[PDB]
Amino acid sequence: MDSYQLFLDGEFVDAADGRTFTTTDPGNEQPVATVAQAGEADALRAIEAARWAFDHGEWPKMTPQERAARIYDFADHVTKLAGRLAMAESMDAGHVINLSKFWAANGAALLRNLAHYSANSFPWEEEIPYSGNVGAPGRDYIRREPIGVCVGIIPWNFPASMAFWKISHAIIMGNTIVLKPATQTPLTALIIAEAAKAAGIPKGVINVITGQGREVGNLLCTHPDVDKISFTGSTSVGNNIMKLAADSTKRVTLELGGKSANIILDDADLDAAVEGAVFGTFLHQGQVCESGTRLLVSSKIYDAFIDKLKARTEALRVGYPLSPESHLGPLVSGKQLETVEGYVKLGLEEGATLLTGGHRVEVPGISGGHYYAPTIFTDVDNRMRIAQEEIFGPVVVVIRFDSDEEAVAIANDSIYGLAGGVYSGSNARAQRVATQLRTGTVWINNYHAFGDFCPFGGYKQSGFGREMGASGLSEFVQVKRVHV
Amino acid sequence: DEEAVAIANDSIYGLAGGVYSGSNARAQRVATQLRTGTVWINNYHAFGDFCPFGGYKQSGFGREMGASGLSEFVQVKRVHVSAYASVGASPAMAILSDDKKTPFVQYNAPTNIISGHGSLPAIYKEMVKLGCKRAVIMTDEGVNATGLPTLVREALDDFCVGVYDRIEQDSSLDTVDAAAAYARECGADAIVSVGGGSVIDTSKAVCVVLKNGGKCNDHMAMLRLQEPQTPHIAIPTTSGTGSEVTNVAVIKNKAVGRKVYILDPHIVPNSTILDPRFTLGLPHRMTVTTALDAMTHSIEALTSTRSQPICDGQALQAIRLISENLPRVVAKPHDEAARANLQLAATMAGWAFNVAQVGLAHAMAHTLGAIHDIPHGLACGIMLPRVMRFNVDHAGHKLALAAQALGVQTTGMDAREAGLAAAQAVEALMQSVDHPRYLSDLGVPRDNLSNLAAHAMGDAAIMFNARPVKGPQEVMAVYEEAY
Amino acid sequence: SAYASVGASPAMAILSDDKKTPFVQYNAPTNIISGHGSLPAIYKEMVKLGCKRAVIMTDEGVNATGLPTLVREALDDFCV
Amino acid sequence: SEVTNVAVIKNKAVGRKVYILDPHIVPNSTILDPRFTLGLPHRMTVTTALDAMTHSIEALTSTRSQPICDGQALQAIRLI
Amino acid sequence: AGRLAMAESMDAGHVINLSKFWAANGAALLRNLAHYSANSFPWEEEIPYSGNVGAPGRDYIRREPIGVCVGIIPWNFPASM
Amino acid sequence: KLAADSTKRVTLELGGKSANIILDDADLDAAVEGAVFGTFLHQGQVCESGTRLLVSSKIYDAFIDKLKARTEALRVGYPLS
């Protein structure tokens, strides 16, 4: 059985006390590997390593063009581990192989693209031709500089992708990052740290610590030597991490969950609309943050849409993640399965009509595993708790409307603002609907259209700040005005 | 000054600061190290409407004034308008379905084709059309020994300013960098490539580097460039690689030991010249290997998941021309018409697989070439029919069309039967034209097949073939069958 | 001359019985978009060409069928 | 006409169709959406199909026929 | 301008030579920021290269107002802040 | 901390202890004038006041006397005067 170690100061080391814990495959409930359990001493060591790498290391001092070559080497060594990363992701987080086989390629492409943009197009120095002050002649210009030590906390939804996002955004701009993966899925961050070590990244730039409980997270958030926290997860934990970081006045970026609405207009193509709705709701068993769990369907096409949606949903195959024939895998843990069952029971109590699913699934040839059938609820009002509270499971609620204004009002009637989608046969009508949605991302006739230069983020209580693009890169730099 | 900087930064606040000095350079050296949101040199309290201000550390966060200040009071929304509104239009949604076909692609072929007897002098006018006056010829030692680059130089006359002949077979990033440096020192504004696929791909990379600057490793991306690159004219000397009309260039990364890609419609050569003089003297082995490489291109393009009727027409016409004219070239080496037909077949096969994309055979051939230095044509030819039989059941009526193009009669037969007949015809042609057929002849050991199969899965050509590759266990089977 | 071969010029074909002139240059730069529901791609094609103000040219018979209305809705704000 | 470089215009003051022939007048892009021909009547369908067939057959026979044009013409004939 | 300067001097203790410019500075700032917003601020921005070849289409950025804002200012520079 | 409970965007502008650095090649008259201004504008109640004055050892003696004289030359009186 494989053994994994913390990545501190450019080397793999055990925990200070030598404690370890075992990860488990959600597909068959078998142990996968043993991972070292970081304590408070290891968190302190990582913080000092990052602080020394920033204050006295060569990483923040070298030019963007010099950082670009190191990032290219890092991306190449990341590509060299594609199969291992995909297999570990499938065995640890439950991603199906058809989904998880692209993670290393996507991460390397993102690294190369962001490094090229930083080295070639990012405005590291910007002029101010007109300062608005005639009594102070001189040269005014803007310098952008790295913030310092960054702490990135990622959830169990997309471990490899989120780790790549955090590491790229932190280190490409010249900062040093301490990465803390989720308790359930720690392997992919360590595998990426292996490529970071192989590529010759300076020591202390990238640190990965894995630990159960929440003492390590509190120590990371409240330490005076940490300059920025980038957190992704649930709203309740983010609202507490922000309170913890408030005591030292440090920059915090929050990416929280959503209850994204998918709108189908009466002129939409029913085949494409059904396919897109099914994809955007049941990709990765509905455990994506931007999942369209609220399906707004026009009254003029409700009857035709419902039957096709039912057939398409029943056509899905649930099986082992490593089997290429599987479309859906298991939930990340038994607690998540119990939460989904509780939400289904609540929805049944509230009076919603259960169209399909709502029960556990036994995968043939496999004993154990957290498998759940995709679930559809109909006759749902927008003020029901199931239409208002995030689930993180393969459950969808269908709500009908009569007009585009009513659809917009229903979609905006939520505390989340992460994403949304519109399906229509006219670009003008879809854009008219989209310009009124109070969400950070709107997809027209598509869903889950990820991009390297397309910023994404949340409105309202879905968080603040953006990732990817110049907007994402600007979160990790300071702004200095110099007057001569 | 270092002590002053250390004292100034020794605080929990980062709002502002000031430096007074008689030298701007010294003051700026002191200022660039201060961890404050605003630094004044020889001034103080210099407020401005477009000058952002704010604090570092425990002086707060965020900025006021300027675009930086105005950006604090706006949200950012990303809107994506899909180009297609149909089921199956996106490869990403194919994960949750048993059907993997993705037929939605956009077709383009802007290359200006020049062909015929004595068509080389047309390069003199093509240079004027492209607005270029300083061309540098890119070639290699083997082609330079035959005297064809001398013919190209005489055709260019005063538009040629240099010749670079140091391009090596299986070129790398350093070869591209050296060629780009040599082209830049000569003040080139256009690149003329005379050679095989390696020379043409290296010239594409050299054009990208010349246009954008930097190093070759910086530009290894997919669909990133937004504007036309340095003008490029390709003059192939092999009877098929297709590289004169494709948008992809493959470069070896010696520090990684892996062939990297650059894929962009803007790296397609502006023009190409199909003069039969450049292939009249080609030996027998090169002729048969390049013809079989073109045949593999056309057959794989007819079978891939992204096959389109235009690509089908190109592939079928190329297959017909190759089948009709390869025996004529083998028997009658300086038959000019057959050489021209082979060149046109190669160009059309390149057009076909530029859009339809290649499958597993090229994924195998690339690893074979990267590890054992095996030429591309032999590797493609020896694995074409085994890949055909490998995909014989998931390929539809396409293989029947290929068999009809080769000449095998298919007035009535099951799709399996027609697919097997097509591979039988391909093997018949291969044996008729003196083509090598087994990997044992070229020195690959039996045991290294596991490592080769493992290295095969890392290529991007997978997931474009008709049959999805479940893992290395099937690549093992095909490699062993090829032994 | 762009060509140095016999039969390359149509003018010299006057003094010969053979009239074939096979020397031409081939080009096809048009970007082909096709498939079910491929009309929305015009919105991105307008951005690729660097245009923002398109005018639809049609006739009465086609305009009566409502296809130009579909094109206008696809163009949205790029149609003037 | 969506991919050709020639445009034919009638000159009413002369009563003769005049020509403009240039590679730079080729359309930059075209959209082949089946919605734009799904409602075409029978007479228009057969006449346009026969016009395309005439194009392909004449191109295969003219004095300037080339193998690329031959492939295009043959594929078009087969599809029609 | 005169009323604002007099009130600032009497309320916050600013000397008249300092407080006599507050209204002019505020109006100039308002005009400059309004002109920049109307003419140069990127309210709509294109994304020519999204980094995703599997999702063709038009990507662009819309910038929109946040909503209700609360501004708390200290006694240092009341009018300017 | 109060705004954390509803997850709303917060921008903070807090105080400072800004340092004013005088190098040995600086012009002593201009340096003294600038230091006095940047420290005593509005009685030092500006957020960006340079309350920490870093002076090189090579020019300390000459700078201190001029700074003392310039500071004692300041007049304190009614704001409206």
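Below, read A as the first sequence line, B as the second, and so on, with proteins coming before strands; counting in each chain starts at 1.
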* Measuring heavy-atom distances to chain B, does A/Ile97 have an atom under 4.5 Å in its side chain, in its backbone, in both, or in neither? -> neither
* Specify which of B/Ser86, B/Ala255, B/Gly48 makes the most heavy-atom pairs with chain A at under 4.5 Å. => B/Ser86
* Atom CD1 in B/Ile95, atom CG in A/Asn98: separation rounded to 0.5 Å? -> 6.0 Å
* **Region of A/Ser248 that comes under 4.5 Å of a non-hydrogen atom in chain B** => both
* To do: Please indicate whether B/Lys215 has more than 12 foreign heavy atoms, meaning atoms of other residues, nucleotides or ligands, lying under 6.0 Å from its NZ.
  => no
* Structure fact -> Taken to the nearest 0.5 Å, the spacing of B/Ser82 OG from A/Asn427 CG works out to 9.0 Å
* Asked: Judged by modelled atom types alone, do A/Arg112 and B/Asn217 share a side-chain donor-acceptor pair under 3.5 Å?
  -> yes
* Examine distances only and state if a side-chain atom of A/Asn133 and a backbone atom of B/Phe47 form a donor-acceptor pair shorter than 3.5 Å. => yes
* Asked: Side chain, backbone, both or neither: which part of A/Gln65 has a heavy atom under 4.5 Å from chain B?
  -> neither
* Asked: What option among A/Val442, A/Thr249, A/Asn445 has the most heavy-atom pairs under 4.5 Å with chain B?
  -> A/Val442
* Could you state the interatomic distance from CD (A/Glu126) to OG (B/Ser68), rounded to the nearest 0.5 Å? -> 6.5 Å
* **Contact origin within A/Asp140 toward chain B - heavy atom pairs under 4.5 Å** => side chain
* **Stepwise side chain to side chain contact (heavy atoms under 4.5 Å, CB included) check, B/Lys470 with A/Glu325** => CA-CA 10 Å; B/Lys470 308 295 174 178; A/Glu325 289 97 37; 3.5 Å; yes
* Are B/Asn253 and A/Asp76 close enough that a side-chain donor and a side-chain acceptor fall under 3.5 Å? -> yes
* **Greater than 12 external heavy atoms within 6.0 Å of B/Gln473's CD** => yes
* Structure fact -> Comparing B/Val19, B/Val79, B/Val260 against chain A, the one with the most heavy-atom pairs below 4.5 Å turns out to be B/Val79
* Asked: Does CE belonging to A/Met87 count more than 12 external heavy atoms closer than 6.0 Å?
  -> no
* **Nearest-0.5 Å distance that lies between atom CD1 in A/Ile128 and atom CE in B/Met65** => 12.0 Å
* Structure fact -> Whatever's closer than 4.5 Å to a heavy atom in chain B on A/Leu316 counts as side chain
* To do: Of all the heavy-atom pairs spanning B/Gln28 and A/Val482, show the shortest one and how long it is.
  => OE1-CG1, 4.5 Å
* Asked: Which atom names give the shortest non-hydrogen contact between B/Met93 and A/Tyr447, and what distance separates them?
  -> CE-N, 4.4 Å
* To do: Please determine, among A/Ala136, A/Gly440, A/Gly469, the option with the most heavy-atom pairs under 4.5 Å with chain B.
  => A/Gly440
* Using modelled atom types only, decide if a donor and an acceptor are shared between the side chain of B/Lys77 and the backbone of A/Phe456 within a distance under 3.5 Å. => no
* Asked: Does any heavy atom of chain A fall under 4.5 Å from the side chain of B/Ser97, the backbone, both, or neither of them?
  -> both
* Asked: Of all heavy-atom pairs between A/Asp55 and B/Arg35, which one has the smallest distance, and what is that distance?
  -> OD1-NH2, 3.1 Å
* **Heavy-atom closest contact (B/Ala46 atom, A/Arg481 atom, distance)** => O-NH1, 2.8 Å
* To do: Mind listing the closest non-hydrogen atom pair of B/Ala85 and A/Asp269 along with its distance?
  => O-OD2, 3.6 Å
* To do: Might you point out which heavy atoms bring A/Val479 and B/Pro52 nearest each other, and give the distance in Å?
  => CG1-CG, 4.0 Å
* Asked: For A/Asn113 and B/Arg224, what are the C-alpha separation, side-chain angles and deciding distance, and is it a side chain to side chain contact (heavy atoms under 4.5 Å, CB included)?
  -> CA-CA 9 Å; A/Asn113 279 335; B/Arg224 187 155 72 199; 2.9 Å; yes
* **Side chain / backbone / both / neither for B/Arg63 at chain A, heavy atoms under 4.5 Å** => side chain
* To do: Would you indicate whether the side-chain heavy atoms of A/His483 and B/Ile41 approach each other to under 4.5 Å?
  => no
* Measure distances from A/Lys250 to the heavy atoms of chain B and classify the residue's part below 4.5 Å as side chain, backbone, both or neither. => backbone
* Dump the intermediate steps for side chain to side chain contact (heavy atoms under 4.5 Å, CB included) on A/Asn446 and B/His80, then the final yes or no. => CA-CA 8 Å; A/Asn446 213 352; B/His80 173 76; 3.5 Å; yes
* To do: State plainly whether the residues A/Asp225 and B/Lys57 are in salt-bridge range, i.e. N to O under 4.0 Å.
  => no
* Structure fact -> Under 4.5 Å to a heavy atom of chain B? For A/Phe464 that would be neither
* Asked: Side chain, backbone, both or neither: which part of A/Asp73 has an atom under 4.5 Å from a heavy atom of chain B?
  -> neither
* To do: Take A/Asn120 and B/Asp218 through the side chain to side chain contact (heavy atoms under 4.5 Å, CB included) test and state the conclusion after the steps.
  => CA-CA 10 Å; A/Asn120 283 50; B/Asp218 304 22; 5.7 Å; no
* Asked: Does a sphere of radius 6.0 Å around NZ in A/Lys80 hold more than 12 heavy atoms from other residues, nucleotides or ligands, not counting ones at 6.0 Å or beyond?
  -> no
* Asked: A/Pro324, A/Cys454, A/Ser326: which one forms the most heavy-atom pairs within less than 4.5 Å of chain B?
  -> A/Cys454
* **Toward chain B, the part of A/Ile142 with a non-hydrogen atom under 4.5 Å** => side chain
* Give a yes or no on whether B/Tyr261 atom OH has more than 12 heavy-atom contacts from other residues, nucleotides or ligands under 6.0 Å away. => yes
* Out of B/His45, B/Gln58, B/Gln75, B/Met222, which one racks up the most heavy-atom pairs below 4.5 Å with chain A? -> B/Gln75
* To do: State whether B/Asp98 and A/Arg317 are salt-bridged, where the test is any N-O pair (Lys NZ or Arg NE/NH1/NH2 against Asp/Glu carboxylate O) under 4.0 Å.
  => yes
* Assign the ring pair B/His219 / A/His116 to parallel, tilted or perpendicular, where the plane angle (0 to 90°) is split at 30° and 60°. => perpendicular
